[PDB]
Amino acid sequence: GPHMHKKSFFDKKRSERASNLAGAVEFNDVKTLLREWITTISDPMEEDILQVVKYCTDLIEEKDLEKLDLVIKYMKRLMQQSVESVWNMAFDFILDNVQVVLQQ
């Protein structure tokens, strides 16, 4: 019967190419991915949001809090700039779930 296709952006980008987001390790590569994600996709997928949360918590795990601050500040800018409420809510979720691991 009728169906919708939920395509993971980060799965595609990883398929096209140690804390990494869709394979990207360096901050300039990571911000290129996040820019393409936020500006190209209209509805962020749960999988992709959770893949970003894992990247951030992996940064916390390897104590690279410098990169984490850059990643969060960049996402804050782009996602809060968005006219779409889904991207505003996606940021709150990412932030709230990162804060929890930081506060441990």
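Numbering starts at 1 and follows the sequence shown.
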Could you settle it for me: does 80 to 88 or 6 to 14 have the higher average Cα B factor in the PDB entry? 80 to 88
If you average the CA temperature factors as listed in the entry, which stretch comes out higher, 50 to 58 or 70 to 78? 70 to 78
Comparing against every modelled residue in the chain, figure out the third that the C-alpha B-factor of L34 lands in (lowest, middle or highest). middle
Is the Cα B-factor recorded for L65 in the lowest, middle or highest third of its chain? highest
